[PDB]
Amino acid sequence: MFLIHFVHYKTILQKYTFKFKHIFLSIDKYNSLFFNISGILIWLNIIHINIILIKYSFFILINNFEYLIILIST
Amino acid sequence: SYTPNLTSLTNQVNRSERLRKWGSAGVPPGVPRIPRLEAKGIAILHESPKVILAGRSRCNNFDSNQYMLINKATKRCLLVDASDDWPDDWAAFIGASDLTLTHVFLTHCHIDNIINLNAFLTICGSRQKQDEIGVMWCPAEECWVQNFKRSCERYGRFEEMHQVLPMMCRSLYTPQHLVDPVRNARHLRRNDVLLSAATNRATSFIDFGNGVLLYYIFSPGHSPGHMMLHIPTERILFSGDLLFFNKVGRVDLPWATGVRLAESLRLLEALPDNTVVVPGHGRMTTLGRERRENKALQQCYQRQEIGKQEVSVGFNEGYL
Ligand SMILES: [Zn+2]
Ligand SMILES: [Zn+2]
């Protein structure tokens, strides 16, 4: 049988834990060629992208290493 | 070789391969510098009324060759594939010939071609101190520039590891540094040209002087950007790594395709047979002897004749 109704005197507090993205750090340190570009024309067989900034005279570099890449005035 | 991740370290086949290849050592011995013993002198290969070709064979333990074109009129010299374990004979040769080094041509940026490039530029600029030397190269070799350190890792070239390559410095094709207002030895290199893959017989040349024109030809397969030199007035074809004596270049390295090498061999059939082909490795030959006696070209044209749409030719054991 049950005689008494008793509660425990020690009160516990639930620790609220949560994972938030509070820090925003990134290691931006690469080894690559970066160009001044007055025009870039990316021709792969699916998608062609033509981006043109105007000038009086241009030059042409062409890269066929992965996909056709045409650069105007380097 | 490659980066040792978790899967490569827990593999027993990796330790089995490193036992089979190198015995009980397990580490590959690198490619060392040629000492001052067993080193030969610079030979004058060709003399002409226009140009002079001066070369040295087996200047690396990669068994590569070092060549320089000299313009007889303008007194300007041009190194092609600058990779010599001792670039002190060449600077003394240039200084005793009263020559000016203005550019260095690079076929491709493998380690057998650009290992001593900073040494060439530093010693020749130091002799010029008593306008700097430019570099002519193809930007696809950018992908082989960034792995210059890793290739210096595997072949034991530790003193050339921590060296910023001159092709990585800021040229006129790049944005400029915004320095504090209160230097130009390394900040900007105005003498730098980037070769284009659209190579033609009309305008894809370098004016070497005295009416001598050097046509660079875009010919991949051993590299994503691989530029031969062609001098039609002198019948001289600096092939680099595309064609050698009785053999062609490797395809079993990264960024190397066999069908690109086959197209590069197919774009060479319009030159005459008396064109002396000058390879990056080994002995020199002629293009007619390679049309008659080279089995790789025979296999390429035989596969083309029997109907292969994607003809893939290439070596798996040879020169890097
Ligand atoms: Zn190579
Ligand atoms: Zn080579």
# chains A, B, ... in the order shown; residues from 1 in each chain; ligands from 1
call {"tool": "interface_residues", "arguments": {"of": "chain A", "to": "chain B", "cutoff": "9 Å", "atoms": "only C-alpha atoms", "output": "VMD selection string"}}
result
chain A and resid 31 to 37 60 to 66 73 to 74
call {"tool": "select_by_dssp", "arguments": {"residues": "stretch 141-238 of chain B", "states": "alpha helix (DSSP H)", "output": "list in words"}}
result
residues 142, 143, 144, 145, 148, 149, 150, 151, 152, 153 and 154 of chain B
call {"tool": "closest_residue", "arguments": {"among": "B:122, B:83, B:27, B:134", "to": "residue B:154", "atoms": "only C-alpha atoms"}}
result
B:27
call {"tool": "residues_near_ligand", "arguments": {"ligand": "ligand 2", "cutoff": "12 Å", "atoms": "only C-alpha atoms and all ligand atoms", "output": "PyMOL selection string"}}
result
chain B and resi 58-66+80-83+106-115+222-223+226+238-244+248-251+253+278-282+318-320
call {"tool": "atom_distance", "arguments": {"atom1": "atom CA of residue B:257", "atom2": "atom CA of residue B:21"}}
result
25.7 Å
call {"tool": "atom_distance", "arguments": {"atom1": "atom CA of residue B:128", "atom2": "atom CA of residue B:207"}}
result
22.0 Å
